[PDB]
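Pasting my_file-v4.cif here (mmCIF, C-alpha atoms and all ligand atoms):
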data_input
#
loop_
_atom_site.group_PDB
_atom_site.id
_atom_site.type_symbol
_atom_site.label_atom_id
_atom_site.label_comp_id
_atom_site.auth_asym_id
_atom_site.auth_seq_id
_atom_site.Cartn_x
_atom_site.Cartn_y
_atom_site.Cartn_z
ATOM 1 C CA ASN W 1 -7.712 9.480 20.061
ATOM 2 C CA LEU W 2 -7.075 7.071 17.184
ATOM 3 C CA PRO W 3 -6.267 9.180 14.089
ATOM 4 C CA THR W 4 -9.299 9.682 11.857
ATOM 5 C CA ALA W 5 -9.033 8.962 8.123
ATOM 6 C CA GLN W 6 -8.292 12.627 7.437
ATOM 7 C CA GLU W 7 -5.692 12.839 10.208
ATOM 8 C CA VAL W 8 -3.889 9.813 8.753
ATOM 9 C CA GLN W 9 -3.599 11.540 5.380
ATOM 10 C CA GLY W 10 -2.066 14.523 7.144
ATOM 11 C CA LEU W 11 0.359 12.532 9.254
ATOM 12 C CA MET W 12 1.502 10.246 6.407
ATOM 13 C CA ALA W 13 2.035 13.254 4.131
ATOM 14 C CA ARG W 14 3.966 15.196 6.755
ATOM 15 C CA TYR W 15 6.172 12.141 7.253
ATOM 16 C CA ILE W 16 7.165 12.348 3.581
ATOM 17 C CA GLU W 17 8.078 15.993 4.109
ATOM 18 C CA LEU W 18 10.325 15.161 7.056
ATOM 19 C CA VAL W 19 12.025 12.403 5.071
ATOM 20 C CA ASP W 20 12.312 14.924 2.241
ATOM 21 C CA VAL W 21 14.281 17.476 4.268
ATOM 22 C CA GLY W 22 16.153 14.712 6.087
ATOM 23 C CA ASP W 23 14.808 15.820 9.454
ATOM 24 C CA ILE W 24 15.646 12.640 11.386
ATOM 25 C CA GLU W 25 14.774 14.240 14.730
ATOM 26 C CA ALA W 26 11.236 15.006 13.598
ATOM 27 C CA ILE W 27 10.872 11.696 11.739
ATOM 28 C CA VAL W 28 11.688 9.682 14.839
ATOM 29 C CA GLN W 29 9.309 11.772 16.931
ATOM 30 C CA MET W 30 6.438 10.616 14.728
ATOM 31 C CA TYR W 31 7.251 7.055 15.771
ATOM 32 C CA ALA W 32 6.061 5.285 18.893
ATOM 33 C CA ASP W 33 9.106 4.516 21.036
ATOM 34 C CA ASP W 34 8.385 0.818 20.437
ATOM 35 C CA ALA W 35 7.309 1.046 16.791
ATOM 36 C CA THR W 36 8.529 -1.484 14.226
ATOM 37 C CA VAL W 37 9.811 -0.681 10.742
ATOM 38 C CA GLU W 38 10.045 -3.169 7.867
ATOM 39 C CA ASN W 39 11.858 -1.537 4.975
ATOM 40 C CA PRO W 40 12.030 -3.188 2.637
ATOM 41 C CA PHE W 41 9.071 -5.270 3.727
ATOM 42 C CA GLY W 42 10.269 -8.869 3.549
ATOM 43 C CA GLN W 43 13.250 -7.956 5.700
ATOM 44 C CA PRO W 44 13.454 -8.542 9.482
ATOM 45 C CA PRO W 45 11.803 -5.714 11.437
ATOM 46 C CA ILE W 46 13.677 -3.080 13.398
ATOM 47 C CA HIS W 47 12.118 -2.229 16.763
ATOM 48 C CA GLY W 48 12.364 0.871 18.905
ATOM 49 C CA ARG W 49 13.182 4.535 18.442
ATOM 50 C CA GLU W 50 16.932 4.093 18.870
ATOM 51 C CA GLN W 51 17.341 1.408 16.193
ATOM 52 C CA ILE W 52 14.825 3.245 13.979
ATOM 53 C CA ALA W 53 16.750 6.500 14.420
ATOM 54 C CA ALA W 54 19.870 4.644 13.312
ATOM 55 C CA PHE W 55 18.000 3.332 10.273
ATOM 56 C CA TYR W 56 17.118 6.824 9.018
ATOM 57 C CA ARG W 57 20.538 8.061 10.099
ATOM 58 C CA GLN W 58 22.287 5.750 7.636
ATOM 59 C CA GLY W 59 19.525 5.899 5.023
ATOM 60 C CA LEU W 60 19.117 9.657 4.758
ATOM 61 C CA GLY W 61 22.770 10.258 5.558
ATOM 62 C CA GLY W 62 25.688 9.462 3.270
ATOM 63 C CA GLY W 63 23.900 10.546 0.103
ATOM 64 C CA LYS W 64 21.297 12.889 -1.386
ATOM 65 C CA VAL W 65 17.678 11.785 -0.902
ATOM 66 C CA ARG W 66 14.480 13.590 -1.875
ATOM 67 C CA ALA W 67 11.000 12.107 -1.554
ATOM 68 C CA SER W 68 7.467 13.207 -2.363
ATOM 69 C CA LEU W 69 3.994 11.743 -2.762
ATOM 70 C CA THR W 70 2.840 10.887 -6.287
ATOM 71 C CA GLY W 71 -0.752 10.174 -5.316
ATOM 72 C CA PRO W 72 -3.342 10.578 -2.552
ATOM 73 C CA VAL W 73 -2.768 8.956 0.815
ATOM 74 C CA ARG W 74 -5.331 6.151 0.947
ATOM 75 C CA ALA W 75 -6.553 6.295 4.543
ATOM 76 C CA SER W 76 -8.891 4.089 6.586
ATOM 77 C CA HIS W 77 -10.998 4.469 9.729
ATOM 78 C CA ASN W 78 -8.791 2.329 11.992
ATOM 79 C CA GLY W 79 -5.696 4.547 12.115
ATOM 80 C CA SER W 80 -3.967 3.070 9.046
ATOM 81 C CA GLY W 81 -2.984 4.203 5.549
ATOM 82 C CA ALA W 82 -1.079 3.403 2.360
ATOM 83 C CA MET W 83 0.661 5.993 0.201
ATOM 84 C CA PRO W 84 2.458 6.093 -3.187
ATOM 85 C CA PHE W 85 5.626 8.159 -3.244
ATOM 86 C CA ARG W 86 8.874 8.420 -5.163
ATOM 87 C CA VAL W 87 12.384 8.407 -3.704
ATOM 88 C CA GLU W 88 15.152 10.297 -5.476
ATOM 89 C CA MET W 89 18.686 9.247 -4.565
ATOM 90 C CA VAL W 90 22.092 8.232 -5.897
ATOM 91 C CA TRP W 91 22.276 4.505 -6.535
ATOM 92 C CA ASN W 92 25.319 2.682 -7.863
ATOM 93 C CA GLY W 93 26.857 6.078 -8.553
ATOM 94 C CA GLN W 94 23.835 6.981 -10.677
ATOM 95 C CA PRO W 95 20.970 9.381 -9.907
ATOM 96 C CA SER W 96 18.047 6.947 -9.595
ATOM 97 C CA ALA W 97 14.383 6.890 -8.550
ATOM 98 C CA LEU W 98 12.514 4.347 -6.442
ATOM 99 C CA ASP W 99 8.749 3.843 -6.434
ATOM 100 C CA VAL W 100 7.554 2.903 -2.951
ATOM 101 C CA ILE W 101 4.281 2.269 -1.144
ATOM 102 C CA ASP W 102 4.361 2.753 2.637
ATOM 103 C CA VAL W 103 1.645 1.229 4.860
ATOM 104 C CA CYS W 104 1.393 2.807 8.294
ATOM 105 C CA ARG W 105 -0.573 1.993 11.418
ATOM 106 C CA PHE W 106 -0.727 4.766 14.010
ATOM 107 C CA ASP W 107 -1.608 4.577 17.680
ATOM 108 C CA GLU W 108 -4.088 6.444 19.874
ATOM 109 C CA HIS W 109 -1.455 9.193 20.145
ATOM 110 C CA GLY W 110 -0.936 9.782 16.432
ATOM 111 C CA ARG W 111 2.492 8.142 16.421
ATOM 112 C CA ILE W 112 3.518 5.493 13.888
ATOM 113 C CA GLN W 113 3.263 2.052 15.441
ATOM 114 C CA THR W 114 3.981 0.048 12.318
ATOM 115 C CA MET W 115 5.870 1.044 9.183
ATOM 116 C CA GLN W 116 6.031 -1.185 6.118
ATOM 117 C CA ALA W 117 7.792 -0.048 2.943
ATOM 118 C CA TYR W 118 7.002 -2.011 -0.222
ATOM 119 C CA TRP W 119 9.670 -1.899 -2.942
ATOM 120 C CA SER W 120 12.418 -3.883 -4.658
ATOM 121 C CA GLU W 121 14.773 -3.688 -7.645
ATOM 122 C CA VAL W 122 11.824 -3.858 -10.069
ATOM 123 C CA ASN W 123 10.907 -0.409 -8.706
ATOM 124 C CA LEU W 124 14.353 1.050 -9.291
ATOM 125 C CA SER W 125 14.886 3.281 -12.322
ATOM 126 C CA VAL W 126 18.223 4.852 -13.150
ATOM 127 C CA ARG W 127 17.912 8.167 -15.004
ATOM 128 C CA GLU W 128 19.819 9.287 -18.111
ATOM 129 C CA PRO W 129 21.917 12.493 -18.138
ATOM 130 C CA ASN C 1 7.198 -21.745 -5.876
ATOM 131 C CA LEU C 2 6.737 -18.397 -4.125
ATOM 132 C CA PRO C 3 6.081 -15.701 -6.774
ATOM 133 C CA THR C 4 9.126 -13.575 -7.673
ATOM 134 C CA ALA C 5 8.989 -9.786 -7.389
ATOM 135 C CA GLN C 6 8.267 -9.740 -11.134
ATOM 136 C CA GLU C 7 5.659 -12.516 -10.980
ATOM 137 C CA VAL C 8 3.953 -10.482 -8.230
ATOM 138 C CA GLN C 9 3.649 -7.391 -10.457
ATOM 139 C CA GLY C 10 2.130 -9.528 -13.194
ATOM 140 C CA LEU C 11 -0.261 -11.325 -10.868
ATOM 141 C CA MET C 12 -1.500 -8.172 -9.151
ATOM 142 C CA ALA C 13 -1.895 -6.428 -12.501
ATOM 143 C CA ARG C 14 -3.900 -9.332 -13.883
ATOM 144 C CA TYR C 15 -6.165 -9.172 -10.856
ATOM 145 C CA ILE C 16 -7.067 -5.543 -11.651
ATOM 146 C CA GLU C 17 -7.976 -6.575 -15.197
ATOM 147 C CA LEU C 18 -10.211 -9.374 -13.900
ATOM 148 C CA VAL C 19 -12.010 -6.991 -11.543
ATOM 149 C CA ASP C 20 -12.180 -4.475 -14.385
ATOM 150 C CA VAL C 21 -14.157 -6.766 -16.693
ATOM 151 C CA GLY C 22 -15.940 -8.163 -13.639
ATOM 152 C CA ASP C 23 -14.882 -11.771 -14.180
ATOM 153 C CA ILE C 24 -15.837 -13.068 -10.738
ATOM 154 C CA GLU C 25 -14.974 -16.653 -11.651
ATOM 155 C CA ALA C 26 -11.408 -15.795 -12.647
ATOM 156 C CA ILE C 27 -11.050 -13.447 -9.663
ATOM 157 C CA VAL C 28 -12.043 -16.084 -7.116
ATOM 158 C CA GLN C 29 -9.680 -18.535 -8.795
ATOM 159 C CA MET C 30 -6.791 -16.178 -8.026
ATOM 160 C CA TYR C 31 -7.648 -16.738 -4.369
ATOM 161 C CA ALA C 32 -6.390 -19.534 -2.134
ATOM 162 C CA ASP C 33 -9.469 -21.427 -0.930
ATOM 163 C CA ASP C 34 -8.695 -20.151 2.569
ATOM 164 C CA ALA C 35 -7.685 -16.596 1.679
ATOM 165 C CA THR C 36 -8.871 -13.638 3.754
ATOM 166 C CA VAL C 37 -10.154 -10.354 2.325
ATOM 167 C CA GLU C 38 -10.128 -7.073 4.259
ATOM 168 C CA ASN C 39 -11.943 -4.530 2.101
ATOM 169 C CA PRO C 40 -11.970 -1.890 3.373
ATOM 170 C CA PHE C 41 -8.990 -2.599 5.578
ATOM 171 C CA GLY C 42 -10.292 -1.923 9.092
ATOM 172 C CA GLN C 43 -13.375 -4.066 8.550
ATOM 173 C CA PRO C 44 -13.547 -7.671 9.802
ATOM 174 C CA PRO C 45 -11.940 -10.209 7.401
ATOM 175 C CA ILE C 46 -13.950 -12.602 5.242
ATOM 176 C CA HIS C 47 -12.613 -16.156 4.992
ATOM 177 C CA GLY C 48 -13.006 -18.833 2.337
ATOM 178 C CA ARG C 49 -13.587 -18.770 -1.417
ATOM 179 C CA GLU C 50 -17.355 -18.945 -0.916
ATOM 180 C CA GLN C 51 -17.556 -15.802 1.236
ATOM 181 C CA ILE C 52 -15.026 -14.126 -1.069
ATOM 182 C CA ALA C 53 -16.981 -14.956 -4.237
ATOM 183 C CA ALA C 54 -20.071 -13.576 -2.520
ATOM 184 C CA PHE C 55 -18.171 -10.393 -1.662
ATOM 185 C CA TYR C 56 -17.278 -9.795 -5.324
ATOM 186 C CA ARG C 57 -20.706 -10.978 -6.432
ATOM 187 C CA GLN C 58 -22.340 -8.050 -4.644
ATOM 188 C CA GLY C 59 -19.377 -5.715 -5.101
ATOM 189 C CA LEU C 60 -19.056 -6.036 -8.871
ATOM 190 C CA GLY C 61 -22.698 -6.840 -9.612
ATOM 191 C CA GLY C 62 -25.678 -4.507 -9.381
ATOM 192 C CA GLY C 63 -23.715 -1.529 -10.655
ATOM 193 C CA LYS C 64 -21.072 -0.490 -13.162
ATOM 194 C CA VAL C 65 -17.455 -0.721 -11.974
ATOM 195 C CA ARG C 66 -14.147 -0.176 -13.755
ATOM 196 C CA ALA C 67 -10.705 -0.452 -12.178
ATOM 197 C CA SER C 68 -7.245 0.219 -13.589
ATOM 198 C CA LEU C 69 -3.728 0.626 -12.213
ATOM 199 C CA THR C 70 -2.624 4.231 -11.747
ATOM 200 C CA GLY C 71 0.952 3.320 -10.970
ATOM 201 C CA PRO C 72 3.424 0.439 -10.787
ATOM 202 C CA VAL C 73 2.862 -2.549 -8.546
ATOM 203 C CA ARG C 74 5.458 -2.297 -5.761
ATOM 204 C CA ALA C 75 6.710 -5.865 -5.306
ATOM 205 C CA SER C 76 8.949 -7.468 -2.687
ATOM 206 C CA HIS C 77 10.858 -10.755 -2.567
ATOM 207 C CA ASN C 78 8.461 -12.555 -0.212
ATOM 208 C CA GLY C 79 5.449 -13.025 -2.480
ATOM 209 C CA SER C 80 3.976 -9.682 -1.393
ATOM 210 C CA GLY C 81 3.234 -6.416 -3.132
ATOM 211 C CA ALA C 82 1.065 -3.277 -3.018
ATOM 212 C CA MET C 83 -0.592 -1.481 -5.949
ATOM 213 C CA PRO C 84 -2.187 1.920 -6.630
ATOM 214 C CA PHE C 85 -5.386 1.816 -8.698
ATOM 215 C CA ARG C 86 -8.624 3.705 -9.292
ATOM 216 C CA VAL C 87 -12.185 2.410 -9.064
ATOM 217 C CA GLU C 88 -14.922 3.933 -11.229
ATOM 218 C CA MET C 89 -18.504 3.205 -10.213
ATOM 219 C CA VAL C 90 -21.823 4.784 -9.270
ATOM 220 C CA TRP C 91 -21.845 5.934 -5.637
ATOM 221 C CA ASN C 92 -24.973 7.546 -4.200
ATOM 222 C CA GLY C 93 -26.497 7.737 -7.672
ATOM 223 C CA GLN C 94 -23.512 9.790 -8.806
ATOM 224 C CA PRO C 95 -20.634 8.510 -10.932
ATOM 225 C CA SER C 96 -17.617 8.444 -8.601
ATOM 226 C CA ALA C 97 -13.898 7.698 -8.651
ATOM 227 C CA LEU C 98 -12.248 5.972 -5.692
ATOM 228 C CA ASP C 99 -8.531 5.838 -4.960
ATOM 229 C CA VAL C 100 -7.461 2.505 -3.466
ATOM 230 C CA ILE C 101 -4.268 0.661 -2.555
ATOM 231 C CA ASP C 102 -4.256 -3.138 -2.409
ATOM 232 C CA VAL C 103 -1.737 -5.075 -0.375
ATOM 233 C CA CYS C 104 -1.557 -8.739 -1.359
ATOM 234 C CA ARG C 105 0.325 -11.777 -0.120
ATOM 235 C CA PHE C 106 0.660 -14.710 -2.519
ATOM 236 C CA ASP C 107 1.344 -18.330 -1.571
ATOM 237 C CA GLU C 108 3.705 -20.949 -3.004
ATOM 238 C CA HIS C 109 1.034 -21.604 -5.641
ATOM 239 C CA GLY C 110 0.655 -18.051 -6.921
ATOM 240 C CA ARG C 111 -2.740 -17.532 -5.311
ATOM 241 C CA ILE C 112 -3.776 -14.634 -3.082
ATOM 242 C CA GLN C 113 -3.538 -15.616 0.586
ATOM 243 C CA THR C 114 -4.215 -12.159 2.029
ATOM 244 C CA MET C 115 -6.017 -9.202 0.470
ATOM 245 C CA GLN C 116 -6.118 -5.717 2.021
ATOM 246 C CA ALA C 117 -7.793 -2.747 0.318
ATOM 247 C CA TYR C 118 -6.865 0.565 1.960
ATOM 248 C CA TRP C 119 -9.459 3.262 1.240
ATOM 249 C CA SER C 120 -12.233 5.364 2.729
ATOM 250 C CA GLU C 121 -14.599 8.227 2.025
ATOM 251 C CA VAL C 122 -11.616 10.620 1.994
ATOM 252 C CA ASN C 123 -10.565 8.879 -1.241
ATOM 253 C CA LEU C 124 -14.011 9.238 -2.779
ATOM 254 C CA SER C 125 -14.386 11.800 -5.561
ATOM 255 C CA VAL C 126 -17.859 12.366 -6.994
ATOM 256 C CA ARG C 127 -17.642 13.565 -10.611
ATOM 257 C CA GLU C 128 -19.239 17.008 -11.055
ATOM 258 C CA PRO C 129 -22.039 17.108 -13.686
HETATM 259 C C1 LIG W 201 16.750 3.488 1.850
HETATM 260 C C2 LIG W 201 16.812 4.288 0.556
HETATM 261 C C3 LIG W 201 16.768 5.786 0.820
HETATM 262 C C4 LIG W 201 15.407 6.240 1.379
HETATM 263 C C5 LIG W 201 14.316 5.185 1.253
HETATM 264 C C6 LIG W 201 14.443 4.002 0.367
HETATM 265 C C7 LIG W 201 13.427 3.050 0.275
HETATM 266 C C8 LIG W 201 12.250 3.170 1.016
HETATM 267 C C9 LIG W 201 12.034 4.250 1.881
HETATM 268 C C10 LIG W 201 10.859 4.371 2.622
HETATM 269 C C11 LIG W 201 10.683 5.462 3.478
HETATM 270 O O1 LIG W 201 9.534 5.578 4.198
HETATM 271 C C12 LIG W 201 11.663 6.446 3.608
HETATM 272 C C13 LIG W 201 12.855 6.377 2.894
HETATM 273 C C14 LIG W 201 13.067 5.307 2.035
HETATM 274 C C15 LIG W 201 15.695 3.900 -0.395
HETATM 275 C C16 LIG W 201 16.071 2.505 -0.883
HETATM 276 C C17 LIG W 201 17.605 2.550 -1.006
HETATM 277 C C18 LIG W 201 17.994 3.780 -0.212
HETATM 278 O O2 LIG W 201 18.974 4.465 -0.476
HETATM 279 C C1 LIG W 202 -16.763 -2.538 -3.513
HETATM 280 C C2 LIG W 202 -16.815 -1.493 -4.622
HETATM 281 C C3 LIG W 202 -16.708 -2.123 -6.001
HETATM 282 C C4 LIG W 202 -15.360 -2.851 -6.154
HETATM 283 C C5 LIG W 202 -14.267 -2.338 -5.223
HETATM 284 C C6 LIG W 202 -14.452 -1.134 -4.371
HETATM 285 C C7 LIG W 202 -13.430 -0.690 -3.533
HETATM 286 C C8 LIG W 202 -12.207 -1.349 -3.450
HETATM 287 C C9 LIG W 202 -11.933 -2.488 -4.205
HETATM 288 C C10 LIG W 202 -10.702 -3.138 -4.109
HETATM 289 C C11 LIG W 202 -10.472 -4.276 -4.878
HETATM 290 O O1 LIG W 202 -9.279 -4.906 -4.794
HETATM 291 C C12 LIG W 202 -11.444 -4.779 -5.748
HETATM 292 C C13 LIG W 202 -12.689 -4.168 -5.879
HETATM 293 C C14 LIG W 202 -12.962 -3.032 -5.129
HETATM 294 C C15 LIG W 202 -15.746 -0.434 -4.457
HETATM 295 C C16 LIG W 202 -16.171 0.365 -3.223
HETATM 296 C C17 LIG W 202 -17.706 0.379 -3.297
HETATM 297 C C18 LIG W 202 -18.020 -0.646 -4.366
HETATM 298 O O2 LIG W 202 -19.158 -0.995 -4.640
#
In structure tokens, what does this structure look like?
Ligand SMILES: C[C@]12CCc3c(ccc4cc(O)ccc34)[C@@H]1CCC2=O
Ligand SMILES: C[C@]12CCc3c(ccc4cc(O)ccc34)[C@@H]1CCC2=O
Amino acid sequence: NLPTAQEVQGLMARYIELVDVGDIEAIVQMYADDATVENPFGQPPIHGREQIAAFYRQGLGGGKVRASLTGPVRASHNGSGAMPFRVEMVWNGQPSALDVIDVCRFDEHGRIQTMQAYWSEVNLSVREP
Amino acid sequence: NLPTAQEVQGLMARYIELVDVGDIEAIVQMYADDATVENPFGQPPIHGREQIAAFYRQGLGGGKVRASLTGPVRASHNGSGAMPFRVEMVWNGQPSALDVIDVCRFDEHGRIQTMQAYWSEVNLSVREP
């Protein structure tokens, strides 16, 4: 049924692992085929597995991206959760890091219905040699 | 006008300080007089400054409660932002720490229009004696 609070922590953490290894196939599978992503939040949503698969295609492709949690998945009892992680990637030629908080609502099947990634330039940090 | 990504970080960080010292008056003032709180997210919203002030009245009163950021406020360009923080208080007689993430939308006046505190028992750590 609707993911318990503990199941949300497990799903949202596994998602980070799939993003980490750039497993787009697996990432997309975690999404409902009509899910909506807003990354960055503030930007128009993208709906559907196809468009979403293209989003991660271009985002995890092209360059080197690692991601991992930096704190506990805060999970609720209505199939939702927010998590702190850090994205490592090459920005403006430089190896940079991006602090992000993802909020995720799942459905009665465990799949992500709604994805919202909170970040902007104030969360971007370029790293010295 | 609508708070900038940087204004958001400052606003949301000030909030935590207000909660921390339990300044209910100043906390309520950060709220639009028709703001809606959802703490814990999943629970029915509470509308209006009067119901919100009551919520913090009982939430911050009666017991001891500290709260401080445990990471950077992730802030977007639409007056929104999410923050990671920790809540210290007495739960079930025992001193406990609670991991929470607040999502907040601000209006064109810099006041909180929507509050959403993601957390549950899975984020509750009772401090061993
Ligand atoms: C998209 C991105 C790579 C991966 C990524 C970013 C931001 C938020 C994310 C949120 C996710 O849940 C998964 C991946 C990202 C980076 C911002 C700029 C960029 O290169
Ligand atoms: C409500 C509470 C005190 C304050 C508080 C809690 C949880 C989340 C919060 C989120 C906030 O943005 C502000 C205050 C709280 C505690 C959970 C149990 C408790 O008594």
Write out as JSON, numbers by chain the residues lying within 12 Å of residue 96 in chain W, counting all atoms listed in the file and excluding same-chain residues fewer than 5 positions away.
-> {"W": [63, 64, 65, 66, 67, 86, 87, 88, 89, 90, 91, 121, 123, 124, 125, 126, 127, 128, 129]}
Separation of CA of residue 30 in chain C and atom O1 of ligand LIG 202 (chain W), in Å?
->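 Rounded to one decimal, the two atoms are 12.0 Å apart.
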Given the PyMOL selection byres ((chain W and not hetatm) within 10 of (chain C)), the residues it picks as an MDAnalysis selection string = chainID W and resid 5:6 9 40:43 70:84 98:103 117:123
Please enclose the listed atoms of ligand LIG 202 (chain W) in an axis-aligned box, pad each side by 3 Å, and write out the centre and the three edge lengths in Å, rounded to one decimal, as lines of an AutoDock Vina configuration file.
center_x = -14.2
center_y = -2.3
center_z = -4.7
size_x = 15.9
size_y = 11.3
size_z = 8.9
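We find CA of residue 57 in chain C and CA of residue 112 in chain C to be spaced 17.6 Å apart.
Put simply, CA of residue 35 in chain C is 19.6 Å away from CA of residue 17 in chain C.
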Please write as an MDAnalysis selection string the full residue list that the PyMOL selection byres (((chain C and resi 15) around 12) and not hetatm) yields on this file.
-> chainID C and resid 8:14 16:31 67:69 73 83 85 102 104 110:112 115
Using only C-alpha atoms and all ligand atoms, pick whichever of C:61, C:45, C:3, C:93 has the shortest atom-to-atom distance to ligand LIG 202 (chain W).
-> C:61
Incomplete range 63-87 of chain C brought to N, CA and C atoms, written out as an mmCIF file, keeping the file's coordinate frame:
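Result written to result32.cif:
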data_model
loop_
_atom_site.group_PDB
_atom_site.id
_atom_site.type_symbol
_atom_site.label_atom_id
_atom_site.label_comp_id
_atom_site.auth_asym_id
_atom_site.auth_seq_id
_atom_site.Cartn_x
_atom_site.Cartn_y
_atom_site.Cartn_z
ATOM 1 N N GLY C 63 -24.113 -2.798 -10.077
ATOM 2 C CA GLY C 63 -23.715 -1.529 -10.655
ATOM 3 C C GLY C 63 -22.602 -1.662 -11.673
ATOM 4 N N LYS C 64 -22.166 -0.525 -12.203
ATOM 5 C CA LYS C 64 -21.072 -0.490 -13.162
ATOM 6 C C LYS C 64 -19.781 -0.139 -12.435
ATOM 7 N N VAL C 65 -18.731 -0.929 -12.659
ATOM 8 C CA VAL C 65 -17.455 -0.721 -11.974
ATOM 9 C C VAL C 65 -16.251 -1.002 -12.865
ATOM 10 N N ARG C 66 -15.436 0.021 -13.099
ATOM 11 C CA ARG C 66 -14.147 -0.176 -13.755
ATOM 12 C C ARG C 66 -13.018 0.013 -12.752
ATOM 13 N N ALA C 67 -11.877 -0.607 -13.025
ATOM 14 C CA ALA C 67 -10.705 -0.452 -12.178
ATOM 15 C C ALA C 67 -9.450 -0.611 -13.023
ATOM 16 N N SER C 68 -8.498 0.297 -12.852
ATOM 17 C CA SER C 68 -7.245 0.219 -13.589
ATOM 18 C C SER C 68 -6.085 0.786 -12.781
ATOM 19 N N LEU C 69 -4.918 0.169 -12.921
ATOM 20 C CA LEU C 69 -3.728 0.626 -12.213
ATOM 21 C C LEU C 69 -3.423 2.082 -12.545
ATOM 22 N N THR C 70 -2.997 2.839 -11.541
ATOM 23 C CA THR C 70 -2.624 4.231 -11.747
ATOM 24 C C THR C 70 -1.174 4.426 -11.341
ATOM 25 N N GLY C 71 -0.445 3.319 -11.338
ATOM 26 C CA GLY C 71 0.952 3.320 -10.970
ATOM 27 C C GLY C 71 1.481 1.909 -11.043
ATOM 28 N N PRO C 72 2.780 1.749 -10.767
ATOM 29 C CA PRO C 72 3.424 0.439 -10.787
ATOM 30 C C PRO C 72 3.146 -0.326 -9.502
ATOM 31 N N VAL C 73 2.954 -1.627 -9.656
ATOM 32 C CA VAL C 73 2.862 -2.549 -8.546
ATOM 33 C C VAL C 73 4.207 -2.597 -7.826
ATOM 34 N N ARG C 74 4.253 -2.134 -6.577
ATOM 35 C CA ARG C 74 5.458 -2.297 -5.761
ATOM 36 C C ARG C 74 5.528 -3.738 -5.267
ATOM 37 N N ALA C 75 6.619 -4.430 -5.580
ATOM 38 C CA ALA C 75 6.710 -5.865 -5.306
ATOM 39 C C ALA C 75 7.971 -6.243 -4.537
ATOM 40 N N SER C 76 7.814 -7.067 -3.508
ATOM 41 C CA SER C 76 8.949 -7.468 -2.687
ATOM 42 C C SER C 76 9.358 -8.901 -3.005
ATOM 43 N N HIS C 77 10.331 -9.426 -2.264
ATOM 44 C CA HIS C 77 10.858 -10.755 -2.567
ATOM 45 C C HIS C 77 10.256 -11.850 -1.689
ATOM 46 N N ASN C 78 9.134 -11.555 -1.040
ATOM 47 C CA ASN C 78 8.461 -12.555 -0.212
ATOM 48 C C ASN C 78 7.024 -12.846 -0.636
ATOM 49 N N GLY C 79 6.754 -12.708 -1.931
ATOM 50 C CA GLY C 79 5.449 -13.025 -2.480
ATOM 51 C C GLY C 79 4.415 -11.944 -2.240
ATOM 52 N N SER C 80 4.863 -10.804 -1.712
ATOM 53 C CA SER C 80 3.976 -9.682 -1.393
ATOM 54 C C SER C 80 4.112 -8.561 -2.403
ATOM 55 N N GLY C 81 3.187 -7.614 -2.320
ATOM 56 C CA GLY C 81 3.234 -6.416 -3.132
ATOM 57 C C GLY C 81 2.011 -5.542 -2.921
ATOM 58 N N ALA C 82 2.161 -4.240 -3.159
ATOM 59 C CA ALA C 82 1.065 -3.277 -3.018
ATOM 60 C C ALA C 82 0.878 -2.546 -4.337
ATOM 61 N N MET C 83 -0.360 -2.216 -4.706
ATOM 62 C CA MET C 83 -0.592 -1.481 -5.949
ATOM 63 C C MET C 83 -1.545 -0.310 -5.784
ATOM 64 N N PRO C 84 -1.304 0.758 -6.562
ATOM 65 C CA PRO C 84 -2.187 1.920 -6.630
ATOM 66 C C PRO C 84 -3.118 1.799 -7.834
ATOM 67 N N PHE C 85 -4.424 1.890 -7.605
ATOM 68 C CA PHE C 85 -5.386 1.816 -8.698
ATOM 69 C C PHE C 85 -6.607 2.671 -8.399
ATOM 70 N N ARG C 86 -7.444 2.862 -9.412
ATOM 71 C CA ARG C 86 -8.624 3.705 -9.292
ATOM 72 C C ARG C 86 -9.887 2.933 -9.650
ATOM 73 N N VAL C 87 -10.928 3.115 -8.846
ATOM 74 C CA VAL C 87 -12.185 2.410 -9.064
ATOM 75 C C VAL C 87 -13.298 3.355 -9.494
#
